[PDB]
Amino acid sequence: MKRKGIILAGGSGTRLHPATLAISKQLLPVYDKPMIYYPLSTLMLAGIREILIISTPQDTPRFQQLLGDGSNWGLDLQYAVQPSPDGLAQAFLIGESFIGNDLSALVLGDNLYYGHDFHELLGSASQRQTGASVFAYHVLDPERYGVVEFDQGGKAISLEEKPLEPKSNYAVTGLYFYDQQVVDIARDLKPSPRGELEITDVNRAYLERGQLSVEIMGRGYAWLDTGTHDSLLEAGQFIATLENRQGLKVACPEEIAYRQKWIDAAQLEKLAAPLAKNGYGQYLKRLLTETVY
């Protein structure tokens, strides 16, 4: 089957003002590359090439200008806007026509993932053509997230969005895989107390059909978010330490495309020319002559 991608870069509102007055959070860099490269790279690693970027009226054109139609990176990028931040689950109504009768994956524009065998973690979720797949990650502050409770057998048995009394420390990450049933589930949602269409409700519909796979994203993986000024800074230092230690970049879309055989040497060479005088173009150039396992 075919699986298409959606990145939701919703508005942070005025939460991070005045820092984000001139530029929305999702267009900020994390260290050396725009924030959106990280979730984009995650979809690419999941085998996904057709991707819809949804954001605000104001930012959607800015992403188009940054990313184009993606043909440079062997992708097919399209855009849509969410006129008002009416909940993450609205992504599937906005993208109904984009999705068609195909499988889909949703990732939030401000989630970074790092770790080993990430291709294989995602592959098993991409492989499932029936039901939904999500990931649970042990966090210190589960109250801020969708929370998954497990029984002593290891079976997911409940989900709650931002519970006052969380039942575990397992938060659901901002990467979701879905089958063809997601649009209709999305269409029947009602607004929560806060007036949002909630992705946790989508996820609960599958759980209540026994069609939700909840895989553990283990403690050896880094799932970071960019919610506060503080965490933005930590995420930047984290990526800076890996990259400077390794001489290898995290979530460089041009590299991922090249390693997936979606662009060839000659194309990557052309992508490197414009930035040949900075570290990034110099890095793309080096990938043409080095074996990296």
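Numbering starts at 1 and runs along the sequence shown. For the two forms, the rigid core is made up of the largest set of C-alpha atoms that agree within 1.5 Å on superposition.
For the pair 59-67 and 234-242, greater average C-alpha departure from the shown form in 8 other deposited structures of this protein after core alignment is found in 59-67. Root-mean-square C-alpha deviation from the shown form, taken over all structures in 8 other deposited structures of this protein superposed by the rigid core, is larger for 219-227 than for the alternative among 219-227 and 170-178. Two stretches are in play, 58-66 and 30-38, and the higher mean C-alpha B-factor belongs to 58-66. Of the two segments examined, 157-165 and 214-222, it is 157-165 that shows the higher average Cα temperature factor in the deposited entry. As recorded in the PDB entry, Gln152 shows the highest C-alpha B-factor of the residues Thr200, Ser133, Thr173, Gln152. Among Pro142, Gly100, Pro85, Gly115, the highest C-alpha B-factor recorded in the PDB entry belongs to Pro85. Annotation for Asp179: C-alpha temperature factor in the lowest third relative to the rest of the modelled chain, per the entry. When all modelled residues of the chain are sorted by CA temperature factor, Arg245 is found within the lowest third. In the deposited entry, the Cα temperature factor of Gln260 places it in the highest third of its chain's modelled residues.
For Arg209, the recorded CA B-factor ranks within the middle third of the chain. Only modelled residues enter the ranking. When the modelled residues of the chain are ordered by their C-alpha B factor, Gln267 lands in the highest third.
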